[PDB]
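Student: Got a structure for you, written out below as structure tokens; questions coming shortly.
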Amino acid sequence: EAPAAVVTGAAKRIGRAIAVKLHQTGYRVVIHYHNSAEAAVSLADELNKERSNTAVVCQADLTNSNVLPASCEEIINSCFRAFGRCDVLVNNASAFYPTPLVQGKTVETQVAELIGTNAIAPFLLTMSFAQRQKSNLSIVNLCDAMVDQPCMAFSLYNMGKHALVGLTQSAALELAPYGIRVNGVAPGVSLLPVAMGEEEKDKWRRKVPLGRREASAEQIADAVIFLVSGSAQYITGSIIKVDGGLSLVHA
Amino acid sequence: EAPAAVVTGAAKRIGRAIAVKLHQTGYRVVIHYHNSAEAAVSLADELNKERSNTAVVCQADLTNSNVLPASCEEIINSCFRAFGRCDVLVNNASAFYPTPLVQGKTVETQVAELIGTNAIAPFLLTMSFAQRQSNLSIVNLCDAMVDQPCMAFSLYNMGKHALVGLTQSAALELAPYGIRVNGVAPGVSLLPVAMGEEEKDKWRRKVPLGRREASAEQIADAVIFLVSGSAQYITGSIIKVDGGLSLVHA
Amino acid sequence: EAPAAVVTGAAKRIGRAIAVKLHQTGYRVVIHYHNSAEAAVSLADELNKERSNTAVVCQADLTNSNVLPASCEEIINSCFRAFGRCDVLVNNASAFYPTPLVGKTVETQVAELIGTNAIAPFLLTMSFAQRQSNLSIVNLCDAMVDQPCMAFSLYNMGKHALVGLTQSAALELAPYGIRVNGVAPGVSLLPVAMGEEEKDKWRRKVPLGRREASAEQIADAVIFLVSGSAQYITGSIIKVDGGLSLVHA
Amino acid sequence: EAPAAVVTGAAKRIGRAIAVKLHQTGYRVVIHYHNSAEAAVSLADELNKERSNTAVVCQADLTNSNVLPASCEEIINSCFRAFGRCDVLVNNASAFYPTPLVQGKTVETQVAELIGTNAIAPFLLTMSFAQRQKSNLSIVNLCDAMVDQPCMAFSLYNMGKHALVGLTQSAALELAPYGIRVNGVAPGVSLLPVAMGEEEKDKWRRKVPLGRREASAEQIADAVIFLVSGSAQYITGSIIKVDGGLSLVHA
Ligand SMILES: NC(=O)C1=CN([C@@H]2O[C@H](COP(=O)(O)OP(=O)(O)OC[C@H]3O[C@@H](n4cnc5c(N)ncnc54)[C@H](OP(=O)(O)O)[C@@H]3O)[C@@H](O)[C@H]2O)C=CC1
Ligand SMILES: NC(=O)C1=CN([C@@H]2O[C@H](COP(=O)(O)OP(=O)(O)OC[C@H]3O[C@@H](n4cnc5c(N)ncnc54)[C@H](OP(=O)(O)O)[C@@H]3O)[C@@H](O)[C@H]2O)C=CC1
Ligand SMILES: NC(=O)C1=CN([C@@H]2O[C@H](COP(=O)(O)OP(=O)(O)OC[C@H]3O[C@@H](n4cnc5c(N)ncnc54)[C@H](OP(=O)(O)O)[C@@H]3O)[C@@H](O)[C@H]2O)C=CC1
Ligand SMILES: NC(=O)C1=CN([C@@H]2O[C@H](COP(=O)(O)OP(=O)(O)OC[C@H]3O[C@@H](n4cnc5c(N)ncnc54)[C@H](OP(=O)(O)O)[C@@H]3O)[C@@H](O)[C@H]2O)C=CC1
Ligand SMILES: N=C(N)Nc1nc2cc(Cl)c(Cl)cc2[nH]1
Ligand SMILES: N=C(N)Nc1nc2cc(Cl)c(Cl)cc2[nH]1
Ligand SMILES: N=C(N)Nc1nc2cc(Cl)c(Cl)cc2[nH]1
Ligand SMILES: N=C(N)Nc1nc2cc(Cl)c(Cl)cc2[nH]1
């Protein structure tokens with residue numbers, strides 16, 4: 001009866017809010033994680049406590065490598081294994097850190113992590129998702145509203161997010177004859193990085209015209225839920241910016 | 001106590017579907033109209049039958065002129081007179097016809113109607129709305145195909161691009177008042193009444209998702225989302241509702 | 001046999017530099033002006049001193065009104081009257097001032113900001129096309145229109161509209177071999193009434209060299225677009241902004 | 001005192017025209033190539049017969065791999081070894097082929113080739129170029145004007161080109177303090193695929209408003225020349241579309 005959603009990097013933060021909101025809307029959910037095993041299991045527990053057999057976890061590294069296609073296949077397989085179907089895919093998992101052009105991680109590792117999580121893994125997941133569907137089927141990609149006014153020294157990350165815009169459009173066109181919609185949600189400033197100091201957090205928050213506040217995880221989730229809902233049945237290839245006006249502010 | 005909305009060009013088609021959906025959501029509505037007096041009054045009547053005195057009509061030419069500022073002030077006024085508040089403005093009214101560059105409205109009428117309805121009136125409405133001012137927002141009806149325009153529709157396209165500009169500029173400026181400003185960009189929706197059946201079929205068949213134009217209710221859906229509590233962080237955004245049409249190459 | 005260009009608002013600043021650079025390239029030029037009669041005449045003088053009979057002035061208000069179509073037609077006529085042809089149009093003239101949402105009447109703001117930045121370019125385009133080699137139009141856009149200054153909504157509306165005209169006219173005039181393109185400055189020559197400390201604020205924002213573009217730098221891009229080196233380019237807008245539009249809040 | 005340029009994939013077609021035109025402008029050139037050895041040496045020969053000691057060849061696979069960073073550093077090194085300097089990088093080399101989302105290269109190979117050539121290698125070349133400069137320095141990336149209205153089934157290619165737009169912007173921002181400009185040139189339809197039949201070629205030619213024909217390689221090179229010239233001293237982070245109005249034509 002109930003549709004089933006896969007959410008990547010769903011253990012914490014925005015991806016958790018999305019998994020929660022999908023669950024509250026009646027979805028069964030695959031909680032994908034990489035390092036956050038305890039959080040993922042804890043979330044799956046809460047959801048199962050609310051409804052029996054409605055949440056499973058699935059562990060996978062989404063770094064680019066020659067086995068990434070098999071890992072992605074396996075994420076989609078774990079949703080069919082648990083729930084017998086897979087209606088929604090949310091590409092939320094993301095690596096995010098600077099990669100300066102001028103000088104622990106080798107550059108090969110930087111490439112693999114930032115391009116793999118942000119772009120190639122969404123692409124292989126999309127292929128695996130579609131191959132299983134070869135109903136209200138959709139994919140939502142977590143993009144970035146600030147990619148055209150990027151932070152200094154974030155070239156690879158920005159390349160990955162721009163690539164994900166490219167995938168959003170190319171997959172929307174190609175999957176439309178199957179009824180599969182493909183769209184994006186582009187946060188500006190949301191939950192700030194765990195490592196960022198309170199003072200820097202404050203600087204970022206106050207750049208936002210609408211209320212001088214970061215978007216809550218729930219606010220982002222609200223846009224995701226809109227895109228997968230019957231209220232968006234004609235929307236595909238669209239990216240909804242959710243940024244409180246941040247991208248409109250000049251230097 | 002219920003919120004109130006103005007919807008321009010609300011007598012028929014997309015504007016009517018927005019008005020109805022806002023009304024169904026619990027809004028009181030001003031149905032603005034220009035020539036479609038029977039349809040406008042009839043719609044308001046049906047809404048009032050559903051809930052007493054929850055709909056008013058207001059007629060106004062949104063052609064650019066030295067009287068346009070007052071007319072736009074009067075529309076916003078009408079909402080405050082009827083309902084004592086104005087929470088939502090939907091700039092939906094729009095002129096749409098060819099204005100070839102190389103050669104019976106005079107070109108100055110074409111200018112006044114296409115730039116007035118699509119851009120200047122939204123601007124003056126936005127001014128009046130903001131001037132009079134806890135979930136306030138403006139939704140501008142844009143056009144997903146503005147970067148791949150139909151041949152000979154320069155003034156129309158100029159208007160819709162100006163409307164994108166307005167959405168962004170007004171989002172920035174009005175954010176300190178809590179007024180969100182967003183847009184909804186249809187691709188092909190209800191086709192022009194004038195358009196021949198063959199041309200209509202040529203458009204719908206180009207749409208990747210379903211080979212069908214959007215229903216008026218599908219557009220209204222996105223408007224509803226933008227005015228809703230589910231979009232409280234969204235401002236300066238334009239949501240394309242086009243079934244993937246703008247993605248299709250020549 | 002020398003081709004001819006119209007440049008609107010060519011008496012001073014960027015338009016002056018564009019008229020001068022086109023002239024140095026070998027064009028005969030119509031120097032359009034509104035209030036700057038003395039400056040326009042000096043320029044025509046300097047240019048004709050270099051090559052006899054190669055520059056004329058043409059006065060016109062480019063405020064929106066029911067006669068704007070005729071004034072625009074007259075600017076193109078002035079090129080044909082002087083030079084017997086019109087090869088290039090540069091839409092440069094522009095009103096720029098704030099128009100907050102919350103002693104010019106709003107209707108005057110609309111007419112000046114939308115007429116100069118958009119409607120007059122449209123009507124000049126129609127007149128240019130109606131008269132019709134390396135034919136092209138260049139529109140002076142704005143690189144910052146998606147991250148606009150506070151309180152400039154009419155100006156931004158005009159500049160967005162001009163992008164739309166650039167694309168629509170490029171599409172419609174291509175079958176005539178007329179190319180239509182844009183040049184989008186960021187910070188260039190700073191507004192005459194700006195204080196030095198404020199100028200300096202805008203300079204420090206520019207990644208490439210922490211300075212504004214010279215007028216000549218803007219003119220360089222125009223020159224490119226009108227040249228035989230840009231023969232396949234139409235519907236393009238070149239940003240000339242030193243990376244300003246890439247800088248976040 | 002003659003400046004020097006690297007052009008990738010410069011043996012044939014557009015990259016060849018770029019190399020020729022830079023040389024004609026007075027640059028010394030490194031002609032990078034992958035498989036087209038005969039064409040590359042043949043071009044080096046012509047250029048040298050015009051001015052001695054002004055053209056060399058450099059062979060490298062630009063496929064993504066853990067060896068790609070070394071290969072890229074080596075290409076830039078080639079220009080220092082031969083010419084003592086490196087003023088201009090043009091990232092022209094590109095793989096281009098369909099990658100259906102729904103089903104004889106493996107998916108891993110398709111990723112490596114399409115994301116490597118179109119994005120990763122440009123990023124790594126850009127690091128190596130920049131590291132050396134830590135005068136009129138600039139990079140030109142060959143983009144694609146049709147990236148927002150993409151051909152069916154070219155997901156990875158489009159991801160690659162979108163990433164390359166991201167690079168262009170990120171790198172323009174990050175390298176501006178060194179005086180290095182970073183810009184792009186976005187052909188529409190230019191030299192048609194060698195493997196495309198004359199009937200399909202004419203189909204594409206007919207779509208182009210400006211003259212109903214593809215751009216010549218020389219027309220594309222013209223734009224690169226402008227961007228590298230002193231006529232573009234203030235231009236960085238810009239992409240010039242060279243497409244004859246193609247991207248303006250609706251479905
Ligand atoms: N937060 C913000 O301000 C903004 C967010 N966004 C986008 O929104 C989305 C959610 O953001 P946010 O919640 O902050 O994301 P996080 O930075 O918290 O990343 C979410 C999850 O991604 C997973 N992940 C990271 N690297 C890998 C990897 N190599 N393989 C597998 N999974 C991996 C992690 O899983 P685990 O912990 O289990 O290892 C992590 O918890 C992202 O796509 C992001 O780029 C865009 C703009 C701003
Ligand atoms: N339909 C579609 O496929 C598409 C629609 N859109 C946009 O969506 C919105 C709604 O579309 P749609 O329902 O088709 O619009 P219509 O063409 O039906 O126009 C809506 C209303 O605008 C009003 N209007 C026209 N001229 C004037 C004027 N001078 N003064 C005042 N009002 C005027 C009319 O009121 P009255 O009838 O009372 O005179 C008309 O009913 C518009 O902004 C449109 O551009 C965008 C892309 C495609
Ligand atoms: N300067 C900058 O930093 C930037 C410039 N731009 C764009 O580049 C172009 C040139 O900028 P800039 O040189 O500073 O321009 P100016 O503000 O100096 O204006 C150029 C000319 O426009 C003419 N003009 C103004 N109003 C009217 C009118 N109603 N009718 C006719 N002509 C009129 C004036 O002519 P007169 O003096 O004869 O009355 C004026 O000299 C403009 O399009 C501008 O928007 C874009 C971004 C930044
Ligand atoms: N032609 C057109 O119509 C259009 C072109 N463009 C862009 O313009 C640029 C030039 O186009 P075009 O000349 O047609 O390009 P080609 O398709 O002819 O490819 C250029 C060169 O790329 C090199 N290349 C391909 N794969 C690899 C690899 N794995 N490692 C190293 N080098 C490799 C090849 O070198 P070799 O032959 O030595 O093996 C090839 O000759 C490209 O970036 C392209 O995407 C954009 C839009 C349309
Ligand atoms: N945590 C992430 N995966 N992505 C992320 N985190 C981000 C934080 C900010 Cl301040 C911005 Cl402008 C963009 C960001 N993207
Ligand atoms: N009816 C209007 N006012 N606007 C409108 N009507 C439109 C019809 C189409 Cl076929 C497209 Cl492409 C854009 C349109 N915009
Ligand atoms: N003077 C004009 N006509 N236009 C103009 N002048 C401008 C000055 C700035 Cl500092 C920016 Cl950001 C945009 C501008 N546009
Ligand atoms: N050959 C390449 N490497 N790239 C390339 N070749 C192309 C050919 C076309 Cl007719 C299009 Cl619309 C885009 C192209 N991109």
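Note on naming: chains are A, B, ... as they come in the structure tokens, residues start from 1 per chain, ligands start from 1 in the order shown.
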Hey, which residues sit close to ligand 4? Say within 8 Å, counting only C-alpha atoms and all ligand atoms, and write them as a PyMOL selection string.
Tutor: chain D and resi 8-16+32-37+39-40+59-63+91-96+113-114+116-118+141-146+161+186-193+214-215+217
Student: Just the residues within 8 Å of residue 113 (chain C), please, counting only C-alpha atoms, with nothing from its chain fewer than 3 positions along; format it as a list in words.
Tutor: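 Here the qualifying residues turn out to be residues 63, 94, 95, 96, 109, 110, 116, 117, 154, 155 and 158 of chain C.
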Student: With only C-alpha atoms considered, list every residue of chain A at most 8 Å from chain C, as a PyMOL selection string.
Tutor: chain A and resi 146+148-151+207+246-251
Student: Within 10 Å of chain D, which residues of chain B show up when using only C-alpha atoms, listed as a list in words?
Tutor: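 So the residues of chain B near chain D are residues 145, 146, 147, 148, 149, 150, 151, 202, 203, 205, 206, 207, 244, 245, 246, 247, 248, 249 and 250 of chain B.
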Student: Next, write the just-selected residues to a file, as a CSV table (one decimal), in the first residue's frame, keeping N, CA and C atoms as the atom set.
Tutor:
chain,number,residue,atom,x,y,z
B,145,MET,N,9.4,30.0,-20.8
B,145,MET,CA,10.0,30.0,-22.1
B,145,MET,C,10.7,31.3,-22.5
B,146,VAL,N,10.9,32.2,-21.5
B,146,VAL,CA,11.4,33.5,-21.8
B,146,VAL,C,12.8,33.6,-22.4
B,147,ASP,N,13.6,32.5,-22.2
B,147,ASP,CA,14.9,32.4,-22.8
B,147,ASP,C,14.9,31.7,-24.2
B,148,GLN,N,13.8,31.2,-24.6
B,148,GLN,CA,13.6,30.5,-25.9
B,148,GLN,C,12.3,31.1,-26.5
B,149,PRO,N,12.2,32.4,-26.8
B,149,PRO,CA,10.9,33.0,-27.0
B,149,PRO,C,10.3,32.7,-28.4
B,150,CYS,N,9.0,32.8,-28.5
B,150,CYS,CA,8.3,32.7,-29.8
B,150,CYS,C,8.7,33.9,-30.6
B,151,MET,N,8.9,33.6,-31.9
B,151,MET,CA,9.2,34.5,-32.9
B,151,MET,C,8.2,35.7,-32.9
B,202,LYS,N,0.2,21.1,-31.7
B,202,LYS,CA,1.7,21.2,-31.9
B,202,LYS,C,2.4,21.6,-30.5
B,203,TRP,N,1.8,22.5,-29.7
B,203,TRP,CA,2.4,22.8,-28.5
B,203,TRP,C,2.4,21.7,-27.4
B,205,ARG,N,2.2,18.5,-27.7
B,205,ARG,CA,2.9,17.3,-28.1
B,205,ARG,C,4.4,17.6,-27.9
B,206,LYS,N,4.8,18.8,-27.6
B,206,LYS,CA,6.2,19.1,-27.4
B,206,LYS,C,6.6,18.9,-25.9
B,207,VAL,N,5.6,18.7,-25.1
B,207,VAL,CA,5.9,18.6,-23.7
B,207,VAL,C,6.3,17.2,-23.3
B,244,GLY,N,8.8,20.0,-18.3
B,244,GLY,CA,10.1,19.8,-19.0
B,244,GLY,C,10.2,20.5,-20.4
B,245,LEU,N,9.2,21.4,-20.7
B,245,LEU,CA,9.2,21.9,-22.1
B,245,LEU,C,10.5,22.8,-22.4
B,246,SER,N,10.9,23.6,-21.4
B,246,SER,CA,12.0,24.5,-21.6
B,246,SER,C,13.4,23.7,-21.7
B,247,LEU,N,13.3,22.4,-21.5
B,247,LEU,CA,14.5,21.6,-21.6
B,247,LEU,C,14.7,21.1,-23.1
B,248,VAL,N,13.6,21.2,-23.9
B,248,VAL,CA,13.6,20.6,-25.2
B,248,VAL,C,14.3,21.5,-26.2
B,249,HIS,N,15.4,21.0,-26.9
B,249,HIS,CA,16.2,21.8,-27.9
B,249,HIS,C,15.4,21.9,-29.2
B,250,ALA,N,15.8,22.8,-30.1
B,250,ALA,CA,15.3,23.0,-31.4
B,250,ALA,C,15.2,21.7,-32.2
Student: Find, counting only C-alpha atoms, the residue in A:64, A:78, A:158, A:136 that gets nearest to chain D.
Tutor: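 Closest to chain D, using only C-alpha atoms: A:158.
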Student: Which distance in Å separates CA of residue 62 (chain C) and CA of residue 93 (chain C), to one decimal?
Tutor: 8.2 Å
Student: Go through D:101, D:235, D:112, D:88 and flag the residue nearest chain A, using only C-alpha atoms for the distances.
Tutor: D:101
Student: Define the interface residues of chain A facing chain D as those within 6 Å, counting only C-alpha atoms, and report them as an MDAnalysis selection string.
Tutor: chainID A and resid 66 101:102 108 127 131 152 155 158:159 162:163 166:167 170 174
Student: Nearest to chain C among B:204, B:81, B:160, B:211, with distances taken over only C-alpha atoms: which residue is it?
Tutor: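 For chain C, the nearest of the candidates is B:160.
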Student: Give me, as a PyMOL selection string, the residues of chain C touching chain B, with the criterion being at most 10 Å (counting only C-alpha atoms).
Tutor: chain C and resi 64-69+100-102+105-108+110-111+114+118-119+122-132+145-173
Student: Within 7 Å of residue 187 (chain C), counting only C-alpha atoms, which residues show up once you throw out same-chain ones fewer than 4 positions away? Write them as a ChimeraX atom specification, please.
Tutor: /C:212-213,241
Student: Throw together the list of residues within 6 Å of ligand 2, counting only C-alpha atoms and all ligand atoms, and drop it here as a list in words.
Tutor: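 The neighbouring residues of ligand 2 are, in order, residues 9, 11, 12, 13, 14, 15, 33, 34, 35, 36, 60, 61, 62, 63, 92, 93, 94, 95, 113, 117, 141, 142, 143, 186, 187, 188, 189, 190 and 191 of chain B.
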Student: Residues at most 9 Å from residue 237 (chain C), counting only C-alpha atoms, excluding those fewer than 2 positions away in the same chain, as a list in words?
Tutor: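 The residues that qualify are residues 139, 141, 163, 166, 181, 182, 183, 184, 234, 235 and 239 of chain C; 239, 240 and 241 of chain D.
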Student: Limited to C-alpha atoms, could you put the picked residues into a file as a PDB file, in the first residue's frame?
Tutor:
ATOM      1  CA  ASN C 139      22.768  46.658 -26.066  1.00  0.00           C
ATOM      2  CA  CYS C 141      23.068  45.616 -20.175  1.00  0.00           C
ATOM      3  CA  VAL C 163      18.088  41.190 -22.020  1.00  0.00           C
ATOM      4  CA  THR C 166      18.442  41.128 -26.958  1.00  0.00           C
ATOM      5  CA  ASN C 181      24.131  41.112 -28.653  1.00  0.00           C
ATOM      6  CA  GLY C 182      24.871  42.701 -25.319  1.00  0.00           C
ATOM      7  CA  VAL C 183      27.697  43.954 -23.184  1.00  0.00           C
ATOM      8  CA  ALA C 184      27.112  43.847 -19.451  1.00  0.00           C
ATOM      9  CA  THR C 234      24.097  36.618 -31.823  1.00  0.00           C
ATOM     10  CA  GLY C 235      21.890  36.650 -28.754  1.00  0.00           C
ATOM     11  CA  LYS C 239      29.849  40.325 -18.918  1.00  0.00           C
TER      12      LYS C 239
ATOM     13  CA  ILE D 239      31.155  32.588 -21.004  1.00  0.00           C
ATOM     14  CA  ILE D 240      30.686  33.830 -24.582  1.00  0.00           C
ATOM     15  CA  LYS D 241      28.062  31.843 -26.507  1.00  0.00           C
TER      16      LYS D 241
END
Student: Could you find all residues in region 112-147 of chain A that DSSP calls strand (DSSP E) from the backbone, and write them as number ranges by chain?
Tutor: A: 138-142
Student: Using N, CA, C and O atoms, can you write the selected residues to a file as a JSON list (two decimals), in the first residue's frame?
Tutor:
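Full text of out.json as output:
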[["chain", "number", "residue", "atom", "x", "y", "z"],
["A", 138, "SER", "N", 9.34, 9.95, -8.31],
["A", 138, "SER", "CA", 10.19, 11.12, -8.54],
["A", 138, "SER", "C", 11.55, 11.05, -7.85],
["A", 138, "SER", "O", 11.75, 10.29, -6.89],
["A", 139, "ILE", "N", 12.46, 11.92, -8.33],
["A", 139, "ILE", "CA", 13.78, 12.10, -7.78],
["A", 139, "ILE", "C", 13.91, 13.56, -7.36],
["A", 139, "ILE", "O", 13.53, 14.46, -8.11],
["A", 140, "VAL", "N", 14.46, 13.79, -6.16],
["A", 140, "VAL", "CA", 14.78, 15.15, -5.76],
["A", 140, "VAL", "C", 16.28, 15.22, -5.45],
["A", 140, "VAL", "O", 16.81, 14.46, -4.61],
["A", 141, "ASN", "N", 16.96, 16.18, -6.10],
["A", 141, "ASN", "CA", 18.40, 16.36, -5.92],
["A", 141, "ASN", "C", 18.64, 17.57, -5.02],
["A", 141, "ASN", "O", 18.06, 18.62, -5.28],
["A", 142, "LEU", "N", 19.46, 17.45, -3.98],
["A", 142, "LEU", "CA", 19.79, 18.59, -3.13],
["A", 142, "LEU", "C", 20.92, 19.37, -3.77],
["A", 142, "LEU", "O", 22.05, 18.90, -3.81]]
Student: Which residues are near ligand 3 - at most 6 Å, using only C-alpha atoms and all ligand atoms? Format: as a ChimeraX atom specification.
Tutor: /C:9,11-15,33-36,60-63,92-95,112,116,140-142,185-190
Student: Let's have the selection written as a compact mmCIF listing (two decimals), in the first residue's frame, with N, CA, C and O atoms.
Tutor:
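Final output, saved to part_28.txt:
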# COMPACT_ATOMS: atom_id res chain seq x y z
N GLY C 9 23.22 58.31 -26.32
CA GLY C 9 23.89 58.84 -25.13
C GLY C 9 25.41 58.75 -25.25
O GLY C 9 26.06 58.33 -24.29
N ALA C 11 27.62 61.34 -25.78
CA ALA C 11 28.34 62.59 -25.45
C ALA C 11 29.37 62.35 -24.35
O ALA C 11 30.43 62.97 -24.35
N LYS C 12 29.06 61.44 -23.45
CA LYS C 12 29.99 61.30 -22.31
C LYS C 12 30.19 59.85 -21.84
O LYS C 12 29.50 58.96 -22.32
N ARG C 13 31.15 59.69 -20.93
CA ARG C 13 31.41 58.38 -20.28
C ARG C 13 31.56 57.22 -21.27
O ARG C 13 32.35 57.34 -22.23
N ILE C 14 30.82 56.15 -21.04
CA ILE C 14 31.01 54.90 -21.84
C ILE C 14 30.59 55.09 -23.31
O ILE C 14 31.25 54.55 -24.18
N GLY C 15 29.50 55.80 -23.53
CA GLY C 15 29.04 55.97 -24.91
C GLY C 15 30.06 56.77 -25.70
O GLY C 15 30.23 56.48 -26.87
N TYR C 33 22.44 62.54 -28.30
CA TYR C 33 22.49 63.09 -26.95
C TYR C 33 21.11 63.62 -26.57
O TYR C 33 20.24 63.70 -27.44
N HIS C 34 20.91 63.88 -25.27
CA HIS C 34 19.69 64.49 -24.77
C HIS C 34 19.99 65.88 -24.23
O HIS C 34 19.61 66.84 -24.87
N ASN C 35 20.69 65.98 -23.08
CA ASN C 35 20.95 67.28 -22.47
C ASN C 35 22.35 67.79 -22.82
O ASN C 35 22.60 68.99 -22.77
N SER C 36 23.26 66.88 -23.22
CA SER C 36 24.67 67.21 -23.28
C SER C 36 25.09 67.74 -24.65
O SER C 36 25.99 67.21 -25.28
N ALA C 60 17.66 63.88 -28.87
CA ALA C 60 16.37 63.24 -28.69
C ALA C 60 16.16 62.83 -27.24
O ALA C 60 17.08 62.29 -26.62
N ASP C 61 14.95 63.08 -26.73
CA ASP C 61 14.53 62.56 -25.44
C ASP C 61 14.09 61.10 -25.62
O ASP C 61 13.30 60.79 -26.52
N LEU C 62 14.59 60.20 -24.78
CA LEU C 62 14.26 58.79 -24.97
C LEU C 62 13.37 58.28 -23.83
O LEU C 62 13.25 57.07 -23.61
N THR C 63 12.70 59.23 -23.16
CA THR C 63 11.59 59.00 -22.25
C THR C 63 10.43 58.35 -22.99
O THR C 63 10.10 58.77 -24.11
N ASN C 92 22.94 52.54 -25.62
CA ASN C 92 23.82 52.88 -24.51
C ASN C 92 23.11 53.82 -23.53
O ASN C 92 23.38 53.76 -22.34
N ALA C 93 22.24 54.74 -24.02
CA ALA C 93 21.67 55.76 -23.14
C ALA C 93 20.82 55.12 -22.05
O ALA C 93 20.11 54.16 -22.31
N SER C 94 20.87 55.69 -20.84
CA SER C 94 20.27 54.98 -19.73
C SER C 94 20.05 55.95 -18.57
O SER C 94 20.99 56.64 -18.18
N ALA C 95 18.81 55.96 -18.05
CA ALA C 95 18.50 56.57 -16.77
C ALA C 95 18.81 55.55 -15.67
O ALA C 95 18.53 54.36 -15.84
N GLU C 112 10.94 57.28 -17.66
CA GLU C 112 12.36 57.49 -17.88
C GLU C 112 13.14 56.18 -17.77
O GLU C 112 13.97 55.87 -18.62
N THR C 116 14.06 54.58 -21.44
CA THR C 116 15.45 54.68 -21.89
C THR C 116 16.09 53.30 -21.90
O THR C 116 16.85 52.96 -22.82
N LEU C 140 23.71 47.86 -24.16
CA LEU C 140 24.44 47.95 -22.90
C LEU C 140 23.56 47.46 -21.75
O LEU C 140 22.62 48.14 -21.40
N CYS C 141 23.82 46.23 -21.26
CA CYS C 141 23.07 45.62 -20.17
C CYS C 141 23.75 45.92 -18.84
O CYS C 141 24.40 46.97 -18.69
N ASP C 142 23.57 45.03 -17.86
CA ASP C 142 24.12 45.28 -16.53
C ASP C 142 24.43 43.92 -15.93
O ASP C 142 23.53 43.08 -15.89
N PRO C 185 28.38 45.62 -18.29
CA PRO C 185 29.32 46.12 -17.29
C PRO C 185 28.91 45.77 -15.88
O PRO C 185 27.74 45.64 -15.56
N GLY C 186 29.91 45.73 -15.01
CA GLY C 186 29.66 45.67 -13.59
C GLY C 186 29.76 47.08 -13.02
O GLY C 186 28.84 47.87 -13.18
N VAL C 187 30.85 47.33 -12.29
CA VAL C 187 31.23 48.68 -11.90
C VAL C 187 32.14 49.20 -12.99
O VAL C 187 33.18 48.61 -13.30
N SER C 188 31.68 50.27 -13.64
CA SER C 188 32.51 50.97 -14.59
C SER C 188 32.67 52.40 -14.07
O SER C 188 32.75 52.59 -12.86
N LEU C 189 32.69 53.38 -14.97
CA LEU C 189 32.72 54.77 -14.53
C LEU C 189 31.65 54.99 -13.46
O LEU C 189 30.46 54.77 -13.71
N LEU C 190 32.10 55.41 -12.27
CA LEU C 190 31.25 55.57 -11.11
C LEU C 190 30.33 56.80 -11.28
O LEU C 190 30.66 57.73 -12.01
Student: Env of residue 48 (chain D): 12 Å cut, atoms = only C-alpha atoms, seq-sep filter 6 positions within chain, self excluded. Answer as a count of residues only.
Tutor: 13
